[PDB]
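Peer 1: Chains as they are written, first to last, in the deposited numbering: chain G, 3 to 313; chain A, 3 to 313; chain D, 3 to 313; chain F, 3 to 312. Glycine is no exception: its CB is placed at the ideal position from the N, C-alpha and C atoms.
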Amino acid sequence: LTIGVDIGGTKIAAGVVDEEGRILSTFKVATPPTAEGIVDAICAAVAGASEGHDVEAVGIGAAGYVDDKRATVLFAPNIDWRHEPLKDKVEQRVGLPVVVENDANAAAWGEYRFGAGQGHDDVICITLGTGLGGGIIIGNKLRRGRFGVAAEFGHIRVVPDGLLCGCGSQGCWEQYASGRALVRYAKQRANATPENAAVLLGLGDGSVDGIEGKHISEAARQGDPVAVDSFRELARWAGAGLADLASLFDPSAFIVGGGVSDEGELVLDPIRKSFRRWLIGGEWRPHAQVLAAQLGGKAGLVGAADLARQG
Amino acid sequence: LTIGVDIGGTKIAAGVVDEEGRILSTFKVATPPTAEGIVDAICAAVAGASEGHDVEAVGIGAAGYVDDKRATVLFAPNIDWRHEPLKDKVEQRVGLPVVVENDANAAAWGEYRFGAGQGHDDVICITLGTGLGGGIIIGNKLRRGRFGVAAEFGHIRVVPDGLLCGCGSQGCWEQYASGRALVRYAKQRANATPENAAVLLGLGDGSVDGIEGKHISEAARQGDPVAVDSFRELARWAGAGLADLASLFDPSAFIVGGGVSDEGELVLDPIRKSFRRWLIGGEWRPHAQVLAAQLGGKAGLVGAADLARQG
Amino acid sequence: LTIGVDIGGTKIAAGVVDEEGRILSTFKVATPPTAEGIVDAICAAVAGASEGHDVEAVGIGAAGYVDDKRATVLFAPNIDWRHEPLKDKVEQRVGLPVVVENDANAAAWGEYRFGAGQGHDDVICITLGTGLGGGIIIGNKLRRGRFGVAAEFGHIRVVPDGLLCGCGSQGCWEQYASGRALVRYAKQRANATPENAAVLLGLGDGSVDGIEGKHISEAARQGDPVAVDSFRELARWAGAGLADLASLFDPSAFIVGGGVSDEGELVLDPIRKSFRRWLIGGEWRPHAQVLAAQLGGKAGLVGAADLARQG
Amino acid sequence: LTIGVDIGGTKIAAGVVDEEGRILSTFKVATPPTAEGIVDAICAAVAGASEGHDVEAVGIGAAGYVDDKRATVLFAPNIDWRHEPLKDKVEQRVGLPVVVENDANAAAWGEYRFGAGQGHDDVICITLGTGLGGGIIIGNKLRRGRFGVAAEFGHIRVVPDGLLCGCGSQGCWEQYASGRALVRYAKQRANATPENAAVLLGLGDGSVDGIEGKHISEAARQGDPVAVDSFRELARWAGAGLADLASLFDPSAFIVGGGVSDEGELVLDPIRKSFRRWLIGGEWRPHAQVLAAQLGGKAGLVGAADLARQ
Ligand SMILES: [Zn+2]
Ligand SMILES: [Zn+2]
Ligand SMILES: [Zn+2]
Ligand SMILES: [Zn+2]
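Set out below in structure tokens:
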């Protein structure tokens, strides 16, 4: 029995989780803008979620690069952590041992252990959020890398001299296949051909900026030409990438979750269909599966809890 | 005590390799023009290399996708081989256990176990030649992939819609970081500004296309502006690539070898400099060493012989 | 009243064309393998077509860089002409006044003066064949540029570090927007997803290699999915580019034509839809029309003739 | 005898320009925040400059898409203007006839008629500022295009699915060869190897983001390895471009001017050399000349002036 925490931009969330990934308790606080308030909000959230239960360790999913010690947040893009010991600060204050994991590595292990990855051995997970993140599992282990920063798939350059990424470099995959990307793609199309977007503009404020990640997903189901076109474009870079990861890792299966994948096979099919249409030498090689995530949002919590059991 | 085989375009070497990766007796045969005759020449070579030696097992470097069961060449670009059961074929006609490995994988592992990898756990190898290829070690074991076809690095797409590649896909990395690329960039630069290739051209037939691989590594070490600056361009693509593999697996070390690196730190240093510059991170995330391969060309032969002791 | 010449690769055709651009007599002659044999063959052609006809001039469509004096082929890619004085040669030997033009320019002028171009002042014609080619008409004149070599739209570099081109460069538009292109796209796709290209692979010989341009323009209208997707890919590069010519010259009408446009609204339409999708200034700038090319094959001859009317 | 006007984010300038492009007077008014106020400050500036002189017309340098009718500003990326009838509004409030030109096109014509274009026919002008803009001259006539929005070189896509542009499409040339681009390249390379940028970080504030356009040109003329390498990187894209315009227009000359070129052959020689390294089939074809722009900052103003006489 253990507790996991997903540190998710709007809300932090803690929970007591059994050996089969069942949430016995949830508790949530509004994420702080500050640096040190996160530690304070985390313990607050641990102490709320423990709720009488006899807890052994605590695993935290932080959105940022976490080290190979599973101890420190090396760098987050938003929140100012400079080599900040998060294990050390929280261990001394909730008494119990702590382990810190990359946010998506948590999700990755979450889906693999209790989700769509059950009964596979070699598995790559992607998540399509505002950005694009993931994790590896090879041989039944999470693979952090030697320094702890492995599978930062979002910043594999896809387009040289590409778009400015939120990380510094240009052309990162995260700027072409993601929730950010999707919206760019809508707006671009939307601006040129306003007519073939009457159902999609009719959802926001009517004007070319009122477009949001939700508006597209729905506007597409009702087949709004521009909406569905923006999924193709996404599906493209999405699939391209999967094919590149397929060339490098050759998994049994990719497991695509994310906010924009909790939409279903409106998105998942085109990407599976792009992947196939972009994989190399498929004639001779086995095609990996492109499965969707089962645990949706919960992944990282459960992932983190169970990752807090490993040595 | 075990034999390794390296199936070269010109010639097929079969050597006896000991526990410590030491070639005790190489033996050679010419590479016939047929597909089916190669299987004879492999046996012919394993015959003669094996004279008066207590041999246990035999590994084969295959220039194509090898499966996970390590027994068939699924597809080779230059040998007419399709689902060709090289293992069963040779196992039957030599009388000793056989494994078949990807040629890139053998050399990757050969370097990891007896070469430049010693004392590392997570390692990614590249070798630059006509092409680009390599292998992966994560946690002390070669990682072939779920289906046996991993680390086909050569073909991670680096330019969308880019240069035509021999795997039939546009924009692979092989096309930009490889002896073949090196040459292209020289031919372009030399043709733009002939005045700076006073030395480089003099080495070939004084002509526009005379340039060949060797002539550049010669012209470079002789401080020739075009030949030194072609290596700068090969560095950009080579490094930028490693920086991306650094995001995927984030190893403790890249090991960079093959024909193009035989020329030494003239080639490797500007790469190491490119790698550092393209690396996503900054001064928080630590850098993976870029080491020179030690076992030169014998990598494939040696490493194959060791992969013959696995399971 | 005047004769034009279409220097076809398998025959040479001289034609008598009136003030209203309608062909009277037409005399063809085998294309010889020798360079000056084409001169000889042009003169024979000219003679044979000028039967009891009051002929004033002879315009000649040459597929090379013609100069500003409309006289020398400065370079033909196939014919061995370097600085050939084709105007003075052919004048001397047939007694009539002569003028030489780029073959795309003849096509361009023909279509502006006798096709989709009528009632427009500023117009840009693109003809999609093995390559791309075109011509500028601005202020009702053809615009050869200072040195003669205007309008080589084929080789304006759309993908830096892209595809090696006949012109000797990488990433030229020609390689992305043309027959040669469409076919890549089909082959890449068909080999990726055999299942979907079942009609396309029928029309040829079963195999990926057996695919040919005309088989796709058919397999499309029967709605073969691979063959349509390949027409999307083309329409993307063709429109993307048109929208760049639109930002350069800002014409009243583009006129897309030549081999893979004479197929019709199967193609023009997606292009027209892809030009609007990529045009910048959606809501403010009027949209230039995308018209289909009325004269088909004929144009080169008809334009050459009529360009002979002035200087 | 006529009046040109130059509408610039900091100041508007309206001068009197004779037959040979010579400025005889110059008046200036600070540029107000409203769209509806620029209208007035322009009237103010023409009234201020037409002192004593017999002016026959006004030409106006609009920083935005102007139409074929030389009368409307269809959209400006800064000035809040949509289908603004600037010609009519001004004509009626000064009493002299007015024409409204694209600002790049004003500049082009000025340079072609009075500066480095002297004695050419087919000529393409590029000005290299915060962004890249320009104008096309073919057969001694500025070419505005069918709808007047022609010549907009800045936004030919050089890198597909590339950098975000201020027109909202990705990849535009403006994002790769321009004052802004120059800044980015400087920053990137000094962040990559600060040791070769000691001289340049000095001129700024020791710090990677304190880098600005002026700082770099000075750092290069003191041979600062990074400032130079960042004009190499500007040259690469600047020529590649000029090379593709060579392919389209084949002019007798490109005239490269504006903010970044103010620095001279330290910038143009890299470019002039890149243009050659990217020109298609340049042993058969004749090469266009790359020439330094003569009239510097004034071109737009002189240009607008003469464009009021065509
Ligand atoms: Zn990034
Ligand atoms: Zn490839
Ligand atoms: Zn070309
Ligand atoms: Zn733009």
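1. Just reading off the alpha helix (DSSP H) that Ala43 of chain F is part of, what are its end residues?
2. Does the distance from the CB of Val101 of chain G to the CB of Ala59 of chain G come in under 8 Å?
3. At a CB distance below 8 Å, what residues from the segment 159–170 of chain D approach chain A? Give them in sequence order.
4. Do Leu184 of chain F and residue 314 of chain G come within 8 Å of each other at the CB atom, strictly closer than that value?
5. Tell me the rounded alpha-carbon separation between residue 2 of chain G and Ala237 of chain G.
6. Are any of the Cβ atoms in chain G nearer than 8 Å to that of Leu236 of chain A?
7. For chain F, check one thing: does any of its Cβ atoms lie closer than 8 Å to the Cβ of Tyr178 of chain G?
8. Using a Cβ cut-off of 8 Å (strictly closer), state whether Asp105 of chain A contacts chain G.
9. What residues are listed by DSSP as bridge partners for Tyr67 of chain D?
10. For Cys127 of chain G, is the beta carbon positioned less than 7 Å from some heavy atom of ligand 5?
11. Excluding sequence positions up to five away, which residues of its chain have a Cβ less than 8 Å from the Cβ of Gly112 of chain A?
12. So the candidates are F:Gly243, F:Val48, F:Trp280, F:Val292; which of them puts its Cα closest to the Cα of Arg95 of chain F?
13. Less than 8 Å between the CB atoms is what I'm expecting for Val160 of chain D and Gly181 of chain D, so what's the real figure, rounded?
14. With a threshold of 16 other CB atoms inside 10 Å of the CB of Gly215 of chain D, please say whether the residue is buried or exposed.
15. So the beta strand (DSSP E) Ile128 of chain D belongs to, where does it begin and stop?
16. At what residue ranges does the segment 194–229 of chain F contain a whole run of the alpha helix (DSSP H), taking only runs of 4 or more?
17. May I have all residues whose beta carbon comes closer than 5 Å to any heavy atom of ligand 3, sorted in chain order?
18. Which same chain residues end up closer than 6 Å to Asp8 of chain D when comparing Cβ atoms and leaving out the 5 residues on each side of it in sequence?
19. Using the Cα positions of residue 2 of chain D and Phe256 of chain D, report the straight-line distance between them to the nearest angstrom.
20. Okay, do the segment 138–145 of chain A and the segment 23–41 of chain D touch, 3+ Cβ pairs below 8 Å being the bar?
21. Can you give me, in chain order, the residues of the segment 132–153 of chain F that have a beta carbon less than 9 Å from any beta carbon in chain D?
22. Quick check: what's the CA-CA separation for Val41 of chain F versus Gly97 of chain F?
23. Measure the beta-carbon distance from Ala106 of chain D to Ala153 of chain D and round it to whole angstroms, keeping in mind my assumption that it falls under 8 Å.
24. Measure the beta-carbon distance from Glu103 of chain G to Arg72 of chain G and round it to whole angstroms, keeping in mind my assumption that it falls under 8 Å.
25. Out of G:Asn193, G:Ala290, G:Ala188, G:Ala295, state which residue places its alpha-carbon closest to the alpha-carbon of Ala245 of chain G.
26. Just checking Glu285 of chain G against ligand 2 - is the residue's beta carbon closer than 7 Å to any of the ligand's heavy atoms?
27. How about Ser249 of chain F: is its C-beta nearer than 8 Å to some C-beta of chain D?
28. What does the alpha-carbon distance come out to for the pair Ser219 of chain A and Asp271 of chain A?
29. Measuring CB to CB, does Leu130 of chain D end up less than 8 Å from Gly243 of chain D?
30. Report buried or exposed for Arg274 of chain F, applying the criterion of at least 16 other Cβ atoms within 10 angstroms of its Cβ.
31. Quick check on the DSSP output: the beta strand (DSSP E) that includes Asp8 of chain G runs from which residue to which?
32. Is there a C-beta anywhere in chain G that falls below 8 Å from the one on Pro196 of chain A?
33. From which residue to which residue does the alpha helix (DSSP H) around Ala108 of chain F run?
34. With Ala255 of chain G as the anchor, note down where its beta strand (DSSP E) starts and where it stops.
35. Give the single residue among A:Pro79, A:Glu285, A:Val18 whose Cα lies nearest to the Cα of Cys169 of chain A.
36. For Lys300 of chain G, does the three-state DSSP call read helix, strand or coil?
Peer 2: Here's the rundown:
1. 37–51
2. yes
3. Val161, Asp163, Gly164, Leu165, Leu166
4. Residue 314 of chain G lies beyond the stretch modelled for chain G, which goes from 3 to 313, so this question has no answer here.
5. Any question about residue 2 of chain G goes unanswered here, given that chain G covers just 3 to 313.
6. no
7. yes
8. no
9. D:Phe77
10. In terms of ligand content, the structure shown lacks ligand 5 and carries ligand 1, ligand 2, ligand 3 and ligand 4 instead.
11. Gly23, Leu297, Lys300, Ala301, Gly302, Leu303, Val304, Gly305, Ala306, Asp308
12. F:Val48
13. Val160 of chain D to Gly181 of chain D, Cβ: 17 Å. No contact.
14. buried
15. 125–129
16. 200–205, 215–223
17. D:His157, D:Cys167, D:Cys169, D:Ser171, D:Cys174
18. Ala15, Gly63, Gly302, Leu303
19. This structure cannot settle anything about residue 2 of chain D, because the visible part of chain D is limited to 3 through 313.
20. no
21. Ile138, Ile140, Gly141, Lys143, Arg145, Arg146, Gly147, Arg148, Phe149, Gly150, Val151, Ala152, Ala153
22. 14 Å
23. 7 Å
24. 6 Å
25. G:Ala290
26. no
27. yes
28. 14 Å
29. no
30. buried
31. 4–10
32. no
33. 105–116
34. 255–259
35. A:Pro79
36. helix
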